[PDB]
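Notes to accompany the following structure.
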Amino acid sequence: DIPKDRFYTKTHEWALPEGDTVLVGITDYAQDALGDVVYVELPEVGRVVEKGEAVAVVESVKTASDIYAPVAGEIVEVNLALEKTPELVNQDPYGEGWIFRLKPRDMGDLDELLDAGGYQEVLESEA
């Protein structure tokens, strides 16, 4: 399951472009590997983050996973619903399970990410 409406990351993350921003969450593959999610550490809104910086932690019943900032920019929103219902990450990783909204320091940076095809090659490469 790899929708082609967003960018992807080798660290199994996605960035949904929406105007001058991008929604961020983990891939279906990512939550399958993690198992039931029980808690999500969210980054403070307004922080300026650099590309690759660990800014979120998804805690499941198997391990804790550091979520990185696909590209440099600022956190403009955090998915509060993940505090009361973390499992949304499993149920709908690409939808209601988004983690944070990030505004790229520069959109052109997204063009350095992978597309549905790039991410699939990656999953098949490490199969």
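Chain labels A, B, ... are given in the sequence in which chains occur in the structure tokens; within each chain residues are numbered consecutively from 1, and ligands are likewise numbered from 1 in the order shown.
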Which neighbours of residue 55 of chain A fall inside 8 Å, counting only C-alpha atoms, when residues of the same chain fewer than 4 positions from it are skipped, and could you give them as a ChimeraX atom specification?
-> /A:42-43,49,66-69
Nearby residues (only C-alpha atoms) at most 6 Å from residue 103 of chain A, same-chain spacing under 3 positions excluded, as a list in words =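 Once the nearby chain positions are removed, what remains is residues 21, 73 and 74 of chain A.
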Written selection (C-alpha atoms) as a CSV table (one decimal), in the first residue's frame:
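File produced: again23.csv:
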chain,number,residue,atom,x,y,z
A,21,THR,CA,3.2,22.9,3.4
A,73,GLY,CA,11.4,23.9,7.8
A,74,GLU,CA,9.0,24.8,10.6
Name the residues of segment 14-87 of chain A that fall into strand (DSSP E or B) according to DSSP on the backbone, using the chain letters and numbers of this document, as a VMD selection string.
-> chain A and resid 14 to 18 21 to 26 37 to 41 48 to 49 54 to 60 64 to 68 73 to 78
Expected file contents, prior selection, N, CA and C atoms, as a short mmCIF file (atom, residue, chain, number, x, y, z; two decimals), in the first residue's frame:
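Once written, result-v4.cif looks like this:
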data_model
loop_
_atom_site.label_atom_id
_atom_site.label_comp_id
_atom_site.auth_asym_id
_atom_site.auth_seq_id
_atom_site.Cartn_x
_atom_site.Cartn_y
_atom_site.Cartn_z
N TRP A 14 6.25 9.84 4.90
CA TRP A 14 5.62 10.46 3.75
C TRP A 14 5.36 11.93 3.99
N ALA A 15 5.30 12.70 2.91
CA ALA A 15 5.04 14.13 2.98
C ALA A 15 3.95 14.48 1.97
N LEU A 16 2.79 14.84 2.48
CA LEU A 16 1.64 15.18 1.66
C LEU A 16 1.62 16.68 1.33
N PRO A 17 1.99 17.05 0.09
CA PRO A 17 1.98 18.47 -0.26
C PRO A 17 0.58 19.07 -0.21
N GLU A 18 0.49 20.26 0.37
CA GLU A 18 -0.77 20.99 0.51
C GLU A 18 -0.44 22.47 0.58
N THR A 21 2.91 23.85 2.29
CA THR A 21 3.25 22.94 3.40
C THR A 21 3.12 21.46 3.00
N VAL A 22 3.43 20.58 3.94
CA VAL A 22 3.33 19.14 3.71
C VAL A 22 2.93 18.43 4.98
N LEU A 23 1.98 17.50 4.87
CA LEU A 23 1.58 16.73 6.03
C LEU A 23 2.63 15.64 6.13
N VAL A 24 2.91 15.18 7.34
CA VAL A 24 3.92 14.14 7.55
C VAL A 24 3.41 12.99 8.41
N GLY A 25 3.74 11.77 7.99
CA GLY A 25 3.33 10.60 8.74
C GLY A 25 4.17 9.41 8.34
N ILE A 26 3.90 8.25 8.93
CA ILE A 26 4.67 7.06 8.57
C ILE A 26 3.91 6.25 7.52
N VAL A 37 0.25 1.03 17.98
CA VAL A 37 0.87 2.24 18.51
C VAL A 37 0.13 2.60 19.79
N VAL A 38 0.88 2.93 20.82
CA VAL A 38 0.28 3.28 22.10
C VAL A 38 0.52 4.72 22.55
N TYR A 39 1.45 5.41 21.90
CA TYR A 39 1.74 6.79 22.27
C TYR A 39 2.59 7.50 21.22
N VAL A 40 2.32 8.79 21.00
CA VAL A 40 3.08 9.57 20.03
C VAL A 40 3.61 10.86 20.63
N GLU A 41 4.93 11.02 20.62
CA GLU A 41 5.55 12.23 21.15
C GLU A 41 5.54 13.25 20.02
N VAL A 48 11.76 25.46 14.57
CA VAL A 48 12.39 25.45 13.25
C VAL A 48 13.26 24.20 13.29
N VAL A 49 13.07 23.32 12.31
CA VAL A 49 13.79 22.06 12.24
C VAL A 49 14.58 21.91 10.93
N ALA A 54 15.52 14.49 14.21
CA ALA A 54 14.50 13.68 14.86
C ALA A 54 13.59 14.66 15.62
N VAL A 55 12.30 14.65 15.31
CA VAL A 55 11.36 15.57 15.93
C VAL A 55 10.11 14.93 16.54
N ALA A 56 9.92 13.64 16.30
CA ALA A 56 8.76 12.94 16.83
C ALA A 56 9.11 11.51 17.16
N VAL A 57 8.39 10.93 18.11
CA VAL A 57 8.64 9.55 18.49
C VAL A 57 7.33 8.80 18.56
N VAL A 58 7.22 7.76 17.74
CA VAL A 58 6.02 6.93 17.73
C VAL A 58 6.37 5.72 18.57
N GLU A 59 5.64 5.52 19.65
CA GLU A 59 5.89 4.41 20.55
C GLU A 59 4.84 3.33 20.39
N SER A 60 5.27 2.14 19.99
CA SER A 60 4.35 1.03 19.81
C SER A 60 4.55 -0.02 20.88
N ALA A 64 10.29 1.99 20.00
CA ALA A 64 10.08 3.42 19.88
C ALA A 64 10.82 3.82 18.62
N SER A 65 10.15 4.60 17.77
CA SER A 65 10.74 5.01 16.50
C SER A 65 10.87 6.52 16.30
N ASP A 66 12.09 6.98 16.03
CA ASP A 66 12.30 8.40 15.81
C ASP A 66 11.82 8.81 14.41
N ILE A 67 10.94 9.82 14.37
CA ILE A 67 10.39 10.35 13.13
C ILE A 67 11.21 11.58 12.76
N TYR A 68 11.71 11.62 11.53
CA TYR A 68 12.54 12.74 11.10
C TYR A 68 11.82 13.77 10.26
N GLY A 73 12.51 23.05 7.79
CA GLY A 73 11.36 23.93 7.79
C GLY A 73 10.86 24.14 9.20
N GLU A 74 9.59 24.50 9.33
CA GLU A 74 9.01 24.76 10.64
C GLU A 74 7.74 23.94 10.86
N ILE A 75 7.53 23.53 12.11
CA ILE A 75 6.35 22.76 12.49
C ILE A 75 5.21 23.77 12.63
N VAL A 76 4.18 23.65 11.80
CA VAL A 76 3.07 24.60 11.88
C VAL A 76 1.82 23.99 12.47
N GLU A 77 1.85 22.68 12.72
CA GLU A 77 0.70 21.99 13.30
C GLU A 77 1.07 20.62 13.82
N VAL A 78 0.35 20.18 14.84
CA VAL A 78 0.56 18.88 15.47
C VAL A 78 -0.79 18.17 15.58
#
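Distances to residue 50 of chain A were evaluated for A:86, A:104, A:95, A:19 using only C-alpha atoms, and the minimum falls at A:104.
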Please provide as an MDAnalysis selection string all residues within 10 Å of residue 31 of chain A, with the sequence filter that same-chain residues fewer than 6 positions apart are discarded (counting only C-alpha atoms).
-> chainID A and resid 12 37 58 60 87 89:93
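Close contacts of residue 79 of chain A, defined as residues with an atom at most 8 Å away when counting only C-alpha atoms, with chain neighbours fewer than 6 positions off set aside, comprise residues 42, 98, 99 and 100 of chain A.
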